[PDB]
Every structure is written in structure tokens, then in C-alpha cells.
Amino acid sequence: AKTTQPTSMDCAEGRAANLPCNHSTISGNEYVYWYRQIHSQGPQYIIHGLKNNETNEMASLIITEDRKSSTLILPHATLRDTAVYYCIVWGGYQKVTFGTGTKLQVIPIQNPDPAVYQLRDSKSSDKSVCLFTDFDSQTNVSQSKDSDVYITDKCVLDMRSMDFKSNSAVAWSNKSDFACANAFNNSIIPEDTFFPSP
Amino acid sequence: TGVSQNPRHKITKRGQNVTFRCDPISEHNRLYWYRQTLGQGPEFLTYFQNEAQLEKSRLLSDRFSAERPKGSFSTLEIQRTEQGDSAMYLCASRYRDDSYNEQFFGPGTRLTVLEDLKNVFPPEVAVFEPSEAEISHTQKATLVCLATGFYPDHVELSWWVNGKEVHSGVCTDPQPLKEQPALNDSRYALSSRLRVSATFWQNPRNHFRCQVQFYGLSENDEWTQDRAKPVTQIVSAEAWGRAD
């Protein structure tokens, strides 16, 4: 109600990510609170308080002398930190109200090797899917405007075993027309993309 | 966590009444109710101080009624349910009317209300085996899981390798996507990726399972059609490593 936040925000894995909140009409007796919500799940508390700075295992919170703005600090942003972050203000007795809020996305840096591969179903076996992977994080995968074709949003995985991150989108369809050569051609894939053909 | 809610999910037809329960953390003075829809923040419904409701939002129709008869557990009753009630209903509790004490949230009760229950389908799940092209180019091997075409969309996807849920090497789409988007009753699809080393995949003694928990109808729901009653269940697809 009394808070304003960016709807979404990118931040680099893994330096500190600083989520800003504006609250220019704050009292007095009102504390500032930050919650985080992952998937549809219950929002979990991160940190609060008055007018000041504060810290715990999960994060740090700096509030200006103004009182009129605050900053949440997540000290070493990993992929697990990407979620929605709500900044709320409350001073007692009344209800608590949530806004929007942010939509933090930790982005990893790559040393890239973009390719589009075909994967076959395990049963089956055709039924197949197209995998666009190993692209750098500046590359965006677009939504197919062919309705029968399905393209997913891009997704970052971490092979923690080998200290290796990678991005990937997935495409599939039932059409005859459809193939992997053309699955991700409606996006703007990079010039050096590897397209197998044995 | 440590507040609880019952049930975790509920699918009704239009006419029906529905009742949720929320159990606060022991001796927590305060109990809050919110509702939430996809991509939006929680919307305040009502809150309690001891037994004493307090405030109910001009949201809540008369069809909603929230009780808390012992300043302890709280029930929310929604009468004559409507499509527009479909939402995640969140419970929160707080120790005292005290800014120092934070709200603890429960895991929520995801309500879906329907024109009719013949629109509820479980997922089918297929696991897709890695390309040889990938294996020879990167010496890594990506499996893909596809969950289709289910409704509503409360599914939970998980990869199990050699009998343990894994999180390293895994990616799942934040949201599902609509199969015919296009429609009111659009059925959904979700994909996930598991990436391993080429050599790990090329060992036939390794076993890969894709598990999707679906939250559907109850055993006790009136069911009409030929196909299996789309109850709450887990659908799976398996794959072993290819010696190749």
C-alpha cells in the first residue's frame, strides 16, 4: 500500500543483489519487512525492522535516515535466490497489505556453446523434443506465435558437481512441418548456433 | 514453517460449499487470511486478534465466513462457490500485536472451482533421452521430462536418480504453458531438464525417473466419464542409461 518496488530486476550471480523499496510516507512507528515467495508457495519472511540497519543468516537490511527508502541485501546471489520479494510496512494493530513486488532473477555468466538438439522419447519413440541449450544469458528465447508449437521460457541449471551453469529452452509440436532446424528460428538465436545433422 | 493448513488443495463444482482450516503456531495471538492468484501478491481477506475478528475486506462476499472460536485454529467457509473464487488461500499467524514478531505463513490451500469436473485431467509424463550429438559435442547429456496435458495446474515435478530426489543438474519451467491458449479450460504442459555427464548417462546401471504429483479430485467426488477418475496421484516416466 505504502510501498513501491520494481516489478522485476536482473542481478548477477553471485555478487550481492540489492532490492530497492520506496516508502516516502512511512511513520514513525512502522517497521519495514521483506518477504520472499517461490513458486505459488507460502511467502517466507526474510528480515525487518525500524530505522536503522539489520542482519541475519539470510540477508541484510539498510533503511535510510530519511526513512523514505530501504534496501534488501542478499549477499551472494545464487540461482536458488530467484523469486518474488515483497517489501511491506506495518506498525501494529492494523492489517498487513502486500503489493506486487519484485521478481528477482539471478543471471549466471557463461563461456558459451549454443546448440539445438533433438531428444527422443524413452518408450516409444517419436514423440520427440527440441532442446536449445548452452547459449549465453543475453540470448532470449521467444514464445512461438504458432499455437500448435510450444516453446518454453529459458531455464538455468547448475551442475554443482562440476561448477557449471547452463541455459536451455525446450520446444515441441505435433505438426509434420515442425522440426528442430525451424523450432527456434522464430527467436533470434546467435549466428554460431550448432545444428547437428547426422 | 510452522503454521499448517487443511487441505492443501480442493477442486469443487460451482454449487458446492467448501471449508478450509488453518492451525497457527502455538499461542500466536494473531491470525491472517489472504487469497492469491497467479502472478499477483496476496490480497487481504480478514484477520483476527484473539477470537475477535477485526477487519474483513470489502473483497469477501457474504458467501465467505471466517471463524476462530478459541483464538486458536481458524476456519474459512466459502458457500455456493464461484469460478472467480479459484485461488490460493493463505494463512498467516503472529505471536503478539508486536512489530518485533513476524508473520509466519502456512503452505496455503489451493482452491479451483469448475463449470464441471470432466475438465479435470491428470498429466501424462514422458522422459526424453539425450541426443548423441550433445554427448559427442559437450560430453554432457540432457534428459527432458514433459508433463502434459493436465488440469487444473497443481502439479509438482521431481527427478529421481538411483532412488533419491536430485536438485543438482535440474531445471523446471517456472510456470506451465497452455496447450490451447485459446480456451477457458485450456489444459497445461510443463517441461523439466536433468543434465548429467556423458559417461554417467552411458552406464546402464543408472536409473532416471520423472515424477509428477497431481492434485485432482477426491475418491469421494461424483464421477461420471469412462476414463479413470482423475484423482490426486503421481504419474511417472523412467529411463535407464544407454550402454551405447
# chains A, B, ... in the order shown; residues from 1 in each chain; ligands from 1

$ residues_around --residues "segment 228-236 of chain B" --least-positions-apart "6" --cutoff "7 Å" --atoms "only C-alpha atoms" --output "list in words"
residues 120, 121, 122, 123, 124, 125, 209, 210, 211, 212, 213, 214, 215, 216, 217, 218 and 219 of chain B

$ write_last_selection --atoms "N, CA and C atoms" --output "compact mmCIF listing (two decimals), in the first residue's frame"
# COMPACT_ATOMS: atom_id res chain seq x y z
N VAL B 120 -11.20 -31.86 -15.61
CA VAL B 120 -10.02 -32.21 -14.83
C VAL B 120 -9.33 -33.44 -15.43
N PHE B 121 -8.11 -33.29 -15.93
CA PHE B 121 -7.32 -34.41 -16.46
C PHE B 121 -5.98 -34.49 -15.71
N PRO B 122 -5.46 -35.71 -15.47
CA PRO B 122 -4.13 -35.82 -14.87
C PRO B 122 -3.07 -35.65 -15.94
N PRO B 123 -1.80 -35.47 -15.54
CA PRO B 123 -0.74 -35.47 -16.53
C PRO B 123 -0.41 -36.86 -17.10
N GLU B 124 -0.02 -36.87 -18.37
CA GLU B 124 0.79 -37.94 -18.93
C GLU B 124 2.23 -37.44 -18.87
N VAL B 125 3.17 -38.34 -18.65
CA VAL B 125 4.57 -37.98 -18.48
C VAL B 125 5.47 -38.87 -19.34
N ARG B 209 14.16 -41.28 -13.18
CA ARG B 209 12.71 -41.24 -13.08
C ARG B 209 12.22 -39.81 -13.02
N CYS B 210 11.16 -39.54 -13.76
CA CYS B 210 10.50 -38.25 -13.68
C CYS B 210 9.16 -38.47 -13.00
N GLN B 211 8.95 -37.79 -11.89
CA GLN B 211 7.76 -37.94 -11.07
C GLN B 211 6.92 -36.66 -11.05
N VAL B 212 5.63 -36.77 -11.36
CA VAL B 212 4.74 -35.62 -11.29
C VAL B 212 3.55 -35.89 -10.37
N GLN B 213 3.53 -35.18 -9.24
CA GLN B 213 2.40 -35.24 -8.33
C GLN B 213 1.32 -34.34 -8.89
N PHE B 214 0.11 -34.86 -8.98
CA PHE B 214 -1.02 -34.11 -9.49
C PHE B 214 -2.05 -34.07 -8.39
N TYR B 215 -2.67 -32.92 -8.21
CA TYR B 215 -3.64 -32.74 -7.16
C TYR B 215 -5.01 -32.59 -7.81
N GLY B 216 -5.79 -33.67 -7.76
CA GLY B 216 -7.04 -33.75 -8.52
C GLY B 216 -8.27 -33.90 -7.66
N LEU B 217 -9.19 -34.73 -8.12
CA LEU B 217 -10.41 -34.99 -7.40
C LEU B 217 -10.13 -35.91 -6.23
N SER B 218 -11.07 -35.97 -5.30
CA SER B 218 -11.01 -36.91 -4.18
C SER B 218 -11.74 -38.20 -4.54
N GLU B 219 -11.39 -39.30 -3.88
CA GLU B 219 -12.10 -40.59 -4.07
C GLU B 219 -13.62 -40.41 -3.95

$ residues_around --residues "residue 238 of chain B" --least-positions-apart "4" --cutoff "10 Å" --atoms "only C-alpha atoms" --output "JSON, numbers by chain"
{"A": [122, 123], "B": [125, 126, 127, 128, 145, 159, 160, 161, 207, 208, 209, 210, 211]}

$ closest_residue --among "B:142, B:148, B:162, B:40" --to "residue 169 of chain A" --atoms "only C-alpha atoms"
B:142

$ interface_residues --of "chain A" --to "chain B" --cutoff "8 Å" --atoms "only C-alpha atoms" --output "PyMOL selection string"
chain A and resi 30-31+39-45+49+90-93+95-101+117-123+128-129+147-148+150+152-161+170+196

$ write_last_selection --atoms "C-alpha atoms" --output "tab-separated table (two decimals), in the first residue's frame"
chain	number	residue	atom	x	y	z
A	30	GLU	CA	6.10	1.49	11.21
A	31	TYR	CA	8.72	-1.17	10.60
A	39	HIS	CA	6.60	-20.73	-6.95
A	40	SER	CA	2.97	-20.50	-5.70
A	41	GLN	CA	4.21	-21.34	-2.17
A	42	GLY	CA	3.73	-19.56	1.14
A	43	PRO	CA	5.79	-16.39	1.31
A	44	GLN	CA	8.68	-16.83	3.76
A	45	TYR	CA	9.92	-14.00	5.97
A	49	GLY	CA	12.87	-3.58	11.04
A	90	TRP	CA	3.47	-2.29	9.29
A	91	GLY	CA	3.31	-0.52	12.66
A	92	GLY	CA	0.84	-2.67	14.55
A	93	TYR	CA	-2.84	-3.37	15.09
A	95	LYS	CA	-3.94	-5.45	8.79
A	96	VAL	CA	-0.82	-6.01	6.66
A	97	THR	CA	-1.13	-5.39	2.92
A	98	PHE	CA	1.03	-6.74	0.09
A	99	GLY	CA	1.90	-5.10	-3.19
A	100	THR	CA	3.43	-6.56	-6.21
A	101	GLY	CA	6.56	-6.74	-5.78
A	117	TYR	CA	19.45	-30.91	-30.26
A	118	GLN	CA	16.70	-33.48	-30.85
A	119	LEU	CA	15.75	-35.80	-27.96
A	120	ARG	CA	13.71	-39.00	-28.45
A	121	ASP	CA	11.04	-40.38	-26.12
A	122	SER	CA	12.07	-43.31	-23.96
A	123	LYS	CA	9.06	-45.65	-24.67
A	128	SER	CA	10.48	-36.12	-29.82
A	129	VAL	CA	11.52	-32.70	-28.43
A	147	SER	CA	-0.17	-22.08	-31.41
A	148	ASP	CA	0.40	-25.77	-32.16
A	150	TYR	CA	5.12	-24.97	-27.81
A	152	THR	CA	9.17	-22.92	-23.03
A	153	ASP	CA	10.74	-20.00	-21.24
A	154	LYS	CA	14.50	-20.21	-20.71
A	155	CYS	CA	15.75	-22.10	-17.70
A	156	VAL	CA	19.12	-22.12	-15.89
A	157	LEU	CA	20.52	-25.38	-14.41
A	158	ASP	CA	23.57	-25.76	-12.15
A	159	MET	CA	25.65	-28.92	-12.26
A	160	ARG	CA	27.04	-28.21	-8.81
A	161	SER	CA	29.32	-31.25	-9.16
A	170	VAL	CA	12.55	-26.60	-24.92
A	196	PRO	CA	23.71	-31.27	-35.81

$ closest_residue --among "A:38, A:162, A:183, A:131" --to "residue 105 of chain A" --atoms "only C-alpha atoms"
A:38

$ residues_around --residues "residue 12 of chain B" --least-positions-apart "4" --cutoff "9 Å" --atoms "only C-alpha atoms" --output "mmCIF file with C-alpha atoms, in the first residue's frame"
data_model
loop_
_atom_site.group_PDB
_atom_site.id
_atom_site.type_symbol
_atom_site.label_atom_id
_atom_site.label_comp_id
_atom_site.auth_asym_id
_atom_site.auth_seq_id
_atom_site.Cartn_x
_atom_site.Cartn_y
_atom_site.Cartn_z
ATOM 1 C CA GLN B 16 -20.759 -26.544 -3.615
ATOM 2 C CA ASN B 17 -19.708 -25.367 -0.166
ATOM 3 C CA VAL B 18 -16.088 -25.697 0.904
ATOM 4 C CA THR B 81 -18.599 -21.452 -4.768
ATOM 5 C CA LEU B 111 -8.935 -23.880 -4.490
ATOM 6 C CA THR B 112 -10.049 -24.488 -8.071
ATOM 7 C CA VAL B 113 -13.798 -24.192 -8.890
ATOM 8 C CA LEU B 114 -15.187 -25.608 -12.120
ATOM 9 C CA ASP B 116 -17.818 -29.231 -14.396
ATOM 10 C CA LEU B 117 -15.349 -31.893 -13.279
ATOM 11 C CA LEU B 217 -10.411 -34.989 -7.398
ATOM 12 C CA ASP B 221 -16.214 -36.926 -5.718
#

$ select_by_dssp --residues "segment 100-170 of chain B" --states "strand (DSSP E or B)" --output "MDAnalysis selection string"
chainID B and resid 104:105 109:114 121 124:129 140:151 155:161 165:166 170

$ select_by_dssp --residues "segment 138-205 of chain B" --states "helix (DSSP H, G or I)" --output "MDAnalysis selection string"
chainID B and resid 138 198:201

$ residues_around --residues "residue 5 of chain A" --least-positions-apart "4" --cutoff "7 Å" --atoms "only C-alpha atoms" --output "ChimeraX atom specification"
/A:20-22,101-102

$ atom_distance --atom1 "atom CA of residue 20 of chain B" --atom2 "atom CA of residue 5 of chain B"
7.4 Å
